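**Q** how does the following fold in three dimensions:
(chains A, B, C, D, E, F, G and H, ligands or ions: 12)
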Amino acid sequence: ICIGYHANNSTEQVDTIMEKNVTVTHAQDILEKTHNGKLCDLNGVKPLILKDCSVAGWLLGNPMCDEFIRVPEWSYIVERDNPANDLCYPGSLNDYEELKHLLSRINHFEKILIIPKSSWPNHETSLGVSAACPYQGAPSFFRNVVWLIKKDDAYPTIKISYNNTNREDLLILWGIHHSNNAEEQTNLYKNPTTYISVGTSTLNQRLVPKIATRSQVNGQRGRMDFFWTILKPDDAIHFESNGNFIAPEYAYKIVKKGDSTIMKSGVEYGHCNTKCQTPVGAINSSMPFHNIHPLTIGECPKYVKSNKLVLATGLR
Amino acid sequence: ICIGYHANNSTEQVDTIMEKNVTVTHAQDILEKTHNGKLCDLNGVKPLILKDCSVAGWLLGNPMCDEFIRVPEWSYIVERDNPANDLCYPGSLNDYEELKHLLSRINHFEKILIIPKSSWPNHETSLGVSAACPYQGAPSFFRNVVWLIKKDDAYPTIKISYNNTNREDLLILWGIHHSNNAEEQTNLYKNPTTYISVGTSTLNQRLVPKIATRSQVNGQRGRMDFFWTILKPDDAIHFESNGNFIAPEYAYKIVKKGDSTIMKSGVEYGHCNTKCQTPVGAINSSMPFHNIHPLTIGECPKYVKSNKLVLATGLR
Amino acid sequence: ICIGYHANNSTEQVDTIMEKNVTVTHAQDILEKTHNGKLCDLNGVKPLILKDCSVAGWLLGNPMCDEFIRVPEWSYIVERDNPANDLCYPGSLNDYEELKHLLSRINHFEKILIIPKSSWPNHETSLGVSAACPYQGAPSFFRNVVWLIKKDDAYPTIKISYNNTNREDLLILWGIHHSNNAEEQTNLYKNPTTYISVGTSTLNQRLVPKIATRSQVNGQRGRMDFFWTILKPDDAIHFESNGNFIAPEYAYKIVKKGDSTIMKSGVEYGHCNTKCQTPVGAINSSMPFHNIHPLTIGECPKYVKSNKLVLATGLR
Amino acid sequence: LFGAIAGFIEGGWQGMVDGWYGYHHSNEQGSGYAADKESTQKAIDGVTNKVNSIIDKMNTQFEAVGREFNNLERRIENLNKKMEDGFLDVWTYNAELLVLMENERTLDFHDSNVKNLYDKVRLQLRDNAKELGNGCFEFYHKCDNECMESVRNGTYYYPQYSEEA
Amino acid sequence: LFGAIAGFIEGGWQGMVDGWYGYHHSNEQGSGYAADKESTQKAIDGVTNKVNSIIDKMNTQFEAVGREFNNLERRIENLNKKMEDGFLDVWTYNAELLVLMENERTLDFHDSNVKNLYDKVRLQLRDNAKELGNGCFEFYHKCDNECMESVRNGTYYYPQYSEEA
Amino acid sequence: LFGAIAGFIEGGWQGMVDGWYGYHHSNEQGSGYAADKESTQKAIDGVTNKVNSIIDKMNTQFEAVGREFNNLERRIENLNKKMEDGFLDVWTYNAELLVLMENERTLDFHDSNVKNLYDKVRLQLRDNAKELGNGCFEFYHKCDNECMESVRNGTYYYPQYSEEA
Amino acid sequence: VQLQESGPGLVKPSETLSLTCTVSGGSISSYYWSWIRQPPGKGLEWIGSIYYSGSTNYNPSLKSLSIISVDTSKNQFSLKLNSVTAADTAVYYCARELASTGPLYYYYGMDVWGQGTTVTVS
Amino acid sequence: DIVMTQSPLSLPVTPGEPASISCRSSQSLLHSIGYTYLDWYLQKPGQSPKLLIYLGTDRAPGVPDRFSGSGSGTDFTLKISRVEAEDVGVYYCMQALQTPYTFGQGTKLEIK
Ligand SMILES: *[C@@H]1O[C@H](CO)[C@@H](O)[C@H](O)[C@H]1NC(C)=O
Ligand SMILES: *[C@@H]1O[C@H](CO)[C@@H](O)[C@H](O)[C@H]1NC(C)=O
Ligand SMILES: *[C@@H]1O[C@H](CO)[C@@H](O)[C@H](O)[C@H]1NC(C)=O
Ligand SMILES: *[C@@H]1O[C@H](CO)[C@@H](O)[C@H](O)[C@H]1NC(C)=O
Ligand SMILES: *[C@@H]1O[C@H](CO)[C@@H](O)[C@H](O)[C@H]1NC(C)=O
Ligand SMILES: *[C@@H]1O[C@H](CO)[C@@H](O)[C@H](O)[C@H]1NC(C)=O
Ligand SMILES: *[C@@H]1O[C@H](CO)[C@@H](O)[C@H](O)[C@H]1NC(C)=O
Ligand SMILES: *[C@@H]1O[C@H](CO)[C@@H](O)[C@H](O)[C@H]1NC(C)=O
Ligand SMILES: *[C@@H]1O[C@H](CO)[C@@H](O)[C@H](O)[C@H]1NC(C)=O
Ligand SMILES: *[C@@H]1O[C@H](CO)[C@@H](O)[C@H](O)[C@H]1NC(C)=O
Ligand SMILES: *[C@@H]1O[C@H](CO)[C@@H](O)[C@H](O)[C@H]1NC(C)=O
Ligand SMILES: *[C@@H]1O[C@H](CO)[C@@H](O)[C@H](O)[C@H]1NC(C)=O
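**A** Numbering: from 1, shown residues only, chains lettered A, B, ... in the order given. Ligands and ions are numbered 1, 2, ... in the order given. The relevant structure is shown in the block below.
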């Protein structure tokens, strides 16, 4: 009789503390190095792959982002790393990062029209255009919000209270126009000293325009600073203003509230089906570990920044 | 002769890396997985209970929370997860979370009347009450601050400057009232525009109310937003106002500065003593690890979020 | 013939899980518990030491911090734990901590005169001194910003602009003077109601002063809240103010953007050279782990809090 | 460690495709490789359970969500990106060191199993079977295929083969 | 790992409760269970040092100081919610792995203490003690109670009563 | 663990600087302590790769960049202080446990090298060399120096020096 | 700071006027120094502007061998208008433009204006 | 080049009543910075020019607050609320945008 061990004519290698390359028999790899290299669906839901746009270019509807005027159910949102169509009119948005954070837990919006254009008797809605936001070459402005300028040589106070009769949380967007000098407040509006009072059960704002000179961004100097709120069921949002009001015309209703992410990648849209998405390429595998990228949405392997992570489930 | 090992009749089982549910011999369990289920004292110090009361209901004296009109030395503050009596008048105390941070190192408060009732002539003391806060069915506001309404169809300028001649730090609480409209602003205060200015050695604030149409919380349409400061020895707080002033009446002198946590637990208080305390119970053992809850205050086992830790000390 | 091993004249000891204080033969100690106790250069670059000075004292050049008028290239900034000459006039530089973050990646400044003293034709640039910021027993004020008192009993709106035609980023510093009362304003600044409006491509700012009664810090009941920005190439800063303006005089062009730190150490500067610097002292050793301190600029060993780490490379 | 992989055994023989461990005999009634299923199965089930354990522990690790920060929160972003980098360096370390040590254990536990089969065959056949150096045995008595099947089964009886001569 | 459990030692004894590691003899002058208390005390001191080391490295374990954040600071909350859990998950894994490795090592440690005891008796006794593979040395030489007691004491030396007959 | 240090070797010598595993031989030609550069070279290379793994798998630790926070940011200052102290305590525990586990593994690995050298010299001279307990052997055949160099080299032929008594 | 124009007072057409302006009570540095002409009843015409370092800027509308001159040591800047042809009769002004047109784009205007001078070209 | 035109030429104004002077030209009179470049110069009879309102709508030192200006782009407006008999002059309006600075025709103010 004799005793001994198997050999399997194999070249695969494993790592140990006391030696680096050891020839191994029946080693099981746990690291998924490969990927298909394109973005596609999660469990049949087409993702919201907005191209050359951003979250602020989508929620405030950019004239250069027209493809997403009615968005179906999505599993995640993809924005390119350095998008060009975003805040075409120079501006900012307060709690924009928090808005992305709360959008990372939303899987579906129902775009509702909370405020119509017929609810502006004494204010212009068609002259609110800009040359820094082109639409087929012509000047245009964001669809969702209307930059109300004066009508008939004056700006009557805008006392509008909207009651949330729906059974879902409403994401409501507006803004304020920090103009570049007082002559544009004389021309765009009538009152020099203007305010925007926003009242909610859990929000108080008393925005005032900063009327001083600024440099040129995108060919213009005025800055529209945008703001948002989330309105509960049977809660009422109250807008009072006498100038600089970027009034809402569309709002978003949160129907599905689950798991998503604001992914940053520029990879084109491909046609496949999978359970996990990673920004440089979708992983379709069941290995315990992946090196592809830290941020992964779905049932995915855990990220480990390593190479050659292989356990020796066999001898030698 | 024969070398062997002992085998008991025990049933304790340990789960190794390679074979799970290994049966062992006289092994020691390092996991408690038990608790008193009640709140006990820590080293004889009776904690602060706050039954249906919060920090904002205690520091600012909620008329519902009149059971804690004189608080002895406490070891830890027990809030409930959803308190029902906190900020009975709607509003938000600024840096309430950071005040809870500082309140996690203060193990004793001794109230003092820094501002007596005679301090305010030409103003109306303790006759400004809101039905949002009930006491016996008659309306009554907080009892550690005074909401000064216009006494005699006018409002002289509040100019008070409390020089801290005490050798300890004083927590001083005040606030600003946000009236619902200009009619209520003129009815409650003679001055429409109010400029509540607070000066310290290391702090300065100017507060202007946000008079706006708002919804109803607790059957009220104004918002009293409170503020706080911690004064230094031989440091003078300075208050200046011409309306909307929730003036301080009581300040909580900091005697003891140690270790405390806001448990935010709704379990019933028990008459018992222990060395360590948990939100859902009390640990009364010297185990290395406890699975009961993350937050603990004392010489306690570390949290391990696992159901079975046993360090085998036997051969089987 | 025999099978065995050797020992040696060794007293060094290692620890295991099952046994502590075990003798070893020719072991390697990986923990460096020795330091020279002095501050020296990092790769031949003399660091910027601050003797009773601060970043707010250096960038806004304190008259008692005049050792750093012309600063050469450094590699890390050393400050003392409590520097006495730090904002000698009271106040607080806004985003001081963010500015100290942005000076953790800068190795060299070029202090350039973007705004000379001759570029204030209608304002007084000589009397802007104070007794709270002394120099050689005389009143003085910071040397990198001009306190603009009125000239000929008049303070017009300034509306100064600076286009950054240099190809590097510029760090521009200014501030607002929060006075105590309206009488001090009318004594210094002819216009009672004052503002500072800073405009550029990104940063938008309006600063209304907070005139309030305050206690005494450093001898005067006044504050100067300072502010900063980074101006990009081909970007123009626009300062506009009719009062309370602490206008810039010098800017800090960023010519070497690398890696640095702020140490907060009171160690006298020695004269040697090494690669790794720690706040307590210096390390000249290639050991894997140092217990000396958490913060170590440069290529250094890894911090482990333990006091004795001897990897046993020996038999016993 | 245990010294049967390149220890007692110079090299494992090729052509014994039944698990990892096995015997070899040059008896008259055939001379072919086989395998000790009971011990190999114990080692296999142990490795399977080991792998299940490793995947089991990896659950509920740090799942790095994407938190963005603006220009004036660089301190907060340097906190967050360093928390994520630190947790990744920890979990990468707890991957790499874990499978480094576990490989060093598994390539020594399989060595332990080979030495366990070797010294278990030596527990039996105390005097009858001379122990050759290269992990082999030669019996004093002519030991048929039935006794080799018995020592595969572990039901060998020395009083039957008391034929040292 | 060496082969105490299901190896040469088939199982454990229930009568003897004093001393983990013990001896049984069938000598004429009494038959009983005894304990080799030197190696058992070494094992108990090793296990005590193991437990003391585990609770000595775990004294600096991170604790969750409860921080509350308002509705408009969710990112910070989701950072602390991923930090207080995050370290906890690390510490959970560290606490699990420590009780998944040392326990195996402790079994191997007890296994080593059996085999280190076993072959110690083999090396001390050497030729005069035969080795039944169940773990019983049926001595060639008649041994009285005292010699057995010196074998427990470790002072038994082969030059004494060298009869192998 | 394997039981050579204070095991079947009574103690280390004090005459061999060259090497870590040595052979003490009493021969007519003379007596000297061999260095046995084969086992010592493989063990030193294993220890060198161990130290290389320690310094390579701790290459990317938590770089504790000092960040500052003012008053009224004590929530985030506690977050930073507890984050840096938690990563420091995790990495301290990781380094402490790693040097403790590697000290145990290196002491046991040196013990395994002693026991595998003992087993390698036991496989050769399998019957001609009586095995004394205190890590020694008495050759039945008269061995000169050159057979000691052949044993220490690893090429020994049992068909040479085949006499027993 | 005041400016004092010293003038010839008359010039026949062939030669070049010699109209200096001296800064008294101030410094010449860091301010634009610009000449502005005033013909009788034809408004105000900007002749040119000299930065102290250099960068002379003339008036394209008329070219009359303009050589705006500057000297710091004497705190003086000067005007010469050769090829005069009796259309330059002017109550000339020297003025201190308070503007920088380089990286600093501050403009505060011509605060200080000289007393004046007269020239009737014949 | 840039040629300006006074829309009023002479304003008989009762003292204590605001006036209105305006001028415009071809370009937009706004430099790269964006601060409208215009000045108004009094040039009282016998005296010399004084800055008055500068950089569009901002007032010089020493000039009382009765003077003010407004406008951006082409259109502009000077306004002297509560005018007084000290305020006589011509109010030349100078375009300071480009190198060849030009002046307006002047508004000679007569006290009513
Ligand atoms: C092993 O692989 C080599 C590769 O050259 C081949 O020649 C040989 O036949 C293989 N042996 C077996 C048993 O598969
Ligand atoms: C191990 O193999 C890799 C290639 O797989 C090679 O780059 C490396 O140098 C090898 N290391 C050693 C120590 O032989
Ligand atoms: C909104 O509508 C509901 C349902 O009629 C009503 O109870 C509530 O008072 C309304 N809210 C406001 C703020 O008027
Ligand atoms: C992708 O995953 C599906 C199951 O989700 C599987 O059927 C398919 O084979 C995978 N595709 C590839 C190319 O591996
Ligand atoms: C274990 O159980 C048996 C009966 O099965 C009994 O004889 C013995 O005393 C028990 N021993 C212990 C230690 O419990
Ligand atoms: C281990 O024992 C526990 C408790 O009896 C049982 O619930 C679990 O299923 C067992 N698992 C295995 C794998 O034996
Ligand atoms: C904790 O245990 C000790 C000892 O058993 C006991 O005396 C004490 O009362 C217990 N304390 C509790 C239940 O609070
Ligand atoms: C070690 O030290 C002892 C005395 O403690 C001495 O006798 C011995 O020679 C030393 N060993 C050497 C030099 O190898
Ligand atoms: C180990 O040695 C150190 C050497 O300083 C000594 O302080 C200590 O008491 C010894 N024993 C233990 C258990 O640490
Ligand atoms: C407060 O009182 C102290 C003690 O008398 C005195 O020194 C100080 O000047 C007073 N005022 C302030 C502002 O501290
Ligand atoms: C600054 O100067 C450059 C170069 O003349 C010019 O292109 C730019 O428009 C100017 N202003 C700004 C705000 O960049
Ligand atoms: C620091 O160490 C290096 C490397 O050994 C050496 O060259 C240098 O002289 C040392 N410097 C000092 C100041 O000791």
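
**Q** state the number of residues packed around residue 44.
**A** Looking at chain A here, since you left the chain open. 8 (other C-beta atoms under 10 Å in any protein chain shown). Placement of C-beta: from N, CA and C, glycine included.

**Q** chain G is the one I meant
**A** Residue G:44 sits with 22 neighbouring residues when counted by other C-beta under 10 Å.

**Q** that one reaches residue H:92, doesn't it?
**A** Yes. Residue G:44 lies in contact with residue H:92 (C-beta atoms under 8 Å); the separation is 5.8 Å.

**Q** which residues are common contacts for those two?
**A** Contact with both residue G:44 and residue H:92 is made by residues H:41, H:43, H:49, H:103, according to C-beta atoms under 8 Å, 6 or more residues apart in numbering or on different chains.

**Q** show me which of those residues are buried.
**A** H:41, H:43, H:49, H:103 (16 or more other C-beta atoms under 10 Å in any protein chain shown).

**Q** so how far is ligand 5 from the spatially closest residue to the first one that is not a sequence neighbour?
**A** Which is residue H:41. Excluding the flanking residues, the one nearest residue H:41 by C-beta to C-beta, 6 or more residues apart in numbering or on different chains is residue H:49, at 4.0 Å. Distance of residue H:49 to ligand 5, computed by C-beta to the nearest ligand atom, to the nearest Å: 116 Å.

**Q** and residue D:35, by the same measure?
**A** 38 Å.

**Q** and residue A:283, by the same measure?
**A** 54 Å.

**Q** surely that residue and residue A:302 touch.
**A** No. Look at residue A:283 against residue A:302 with C-beta under 8 Å: they stay out of range, at 11.7 Å.

**Q** quickly list what's touching both of the two.
**A** Shared contacts of residue A:283 and residue A:302 (C-beta under 8 Å, 6+ apart): residue A:290.

**Q** buried stuff in stretch D:7-25?
**A** D:7-9, D:12, D:16, D:19-25.

**Q** and chain E, is that stretch touching that?
**A** No. Judged by C-beta under 8 Å from any C-beta of the partner chain, stretch D:7-25 and chain E are separated, with a smallest distance of 14.4 Å.

**Q** now residue D:147: which helix or strand?
**A** helix D:145-153 (DSSP states H and E).

**Q** could you export that helix as PDB, CA atoms only?
**A** Taking C-alpha atoms only, helix D:145-153 is exported to PDB below (Å, rounded to 0.1, in the frame of the first residue of the first chain):
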ATOM      1  CA  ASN D 145      -6.900  -7.200  -1.700                       C
ATOM      2  CA  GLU D 146      -9.300  -7.800   1.100                       C
ATOM      3  CA  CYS D 147      -6.900  -6.400   3.700                       C
ATOM      4  CA  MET D 148      -6.300  -3.300   1.600                       C
ATOM      5  CA  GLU D 149     -10.100  -2.800   1.300                       C
ATOM      6  CA  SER D 150     -10.300  -3.200   5.100                       C
ATOM      7  CA  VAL D 151      -7.600  -0.500   5.700                       C
ATOM      8  CA  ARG D 152      -9.500   1.700   3.300                       C
ATOM      9  CA  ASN D 153     -12.600   1.000   5.400                       C
END
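
**Q** tell me which of the shared contacts of residue G:44 and residue H:92 is nearest to chain F?
**A** Nearest to chain F among the shared contacts of residue G:44 and residue H:92 is residue H:41, at 50.5 Å by C-beta to the nearest C-beta.

**Q** these two touch, right, that closest one and residue H:48?
**A** No. Judged on C-beta under 8 Å, residue H:41 makes no contact with residue H:48 at a distance of 9.1 Å.

**Q** Three-state assignment for residue H:39, please.
**A** Secondary structure assignment for residue H:39 (DSSP: H, G, I helix; E, B strand; the rest coil): strand.

**Q** in chain D, which spans are helices?
**A** Secondary structure of chain D (DSSP state H): helices located at D:37-57, D:74-123, D:145-153.

**Q** who touches the first one?
**A** Contact partners of helix D:37-57, identified using C-beta under 8 Å, 6+ apart, comprise A:28, A:30, A:288, A:311, A:313-314, B:17-20, D:18-22, D:98-99, D:102, D:106, D:109-110, D:113, D:116-117, D:154, E:93, E:96-97, E:100.
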